[PDB]
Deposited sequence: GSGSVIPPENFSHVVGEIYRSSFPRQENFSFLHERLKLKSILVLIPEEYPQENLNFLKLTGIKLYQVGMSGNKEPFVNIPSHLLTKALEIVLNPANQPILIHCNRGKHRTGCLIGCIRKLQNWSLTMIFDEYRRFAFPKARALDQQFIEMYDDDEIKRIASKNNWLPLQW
């Protein structure tokens, strides 16, 4: 029958953190009835579409928004702000998405893997699997350069680490 339809490029990340492309109406029942989301973090600065907003009104799912340029640069302070949102267990289950779930989403998640102390080899390889065919050197460069001292200091204080599978 194939009535369940996750958004393109959807996947679990860790714990109750998810990633995907921009959800469409036919994805709503999966996000709500199966993932049972509490929040969504959108990574593009544009206005959330009305149909998606209506979905949020109907379900009670809260929207967070950290608008990263869709040019390019992703400043460190936007990554830290996004991490504080998604790592807060009070915001989960949470879905992270941008337009296609490849670049801006991939950059943020790579920073999550860095907090999990993954090797850069496997972080970039996971990024490229989701980003194919448009893997960007810059997204990986941002991951490699991101100074995670602050968010780790914030995270340890709350006892969010280690992230739980």
- Note on the structure: In sequence order, the deposited stretches missing their CA atoms are 1, 73 to 76
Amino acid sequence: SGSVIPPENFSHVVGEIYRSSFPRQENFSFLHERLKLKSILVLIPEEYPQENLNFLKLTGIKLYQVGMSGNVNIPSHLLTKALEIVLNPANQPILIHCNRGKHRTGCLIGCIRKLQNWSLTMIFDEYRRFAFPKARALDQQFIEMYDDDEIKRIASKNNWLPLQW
From here on, numbers count along this sequence of modelled residues.
- Query: Once you work out the mean C-alpha B-factor for both 16 to 24 and 147 to 155 from the entry, which is higher?
  - Reply: 147 to 155
- Among the modelled residues of its chain, does the C-alpha B-factor of residue 106 lie in the lowest, middle or highest third? lowest
- Message: Taking only the Cα B-factors deposited for this chain, tell me whether residue 65 sits in the lowest, middle or highest third.
- Response: lowest
- Message: Sorting by Cα B-factor within the chain, modelled residues only, which third would residue 126 end up in: lowest, middle or highest?
- Response: lowest
- Chain-relative CA temperature factor third for residue 37: middle
- Binned into thirds over the chain's modelled residues, the C-alpha B-factor of residue 31 lands in the middle
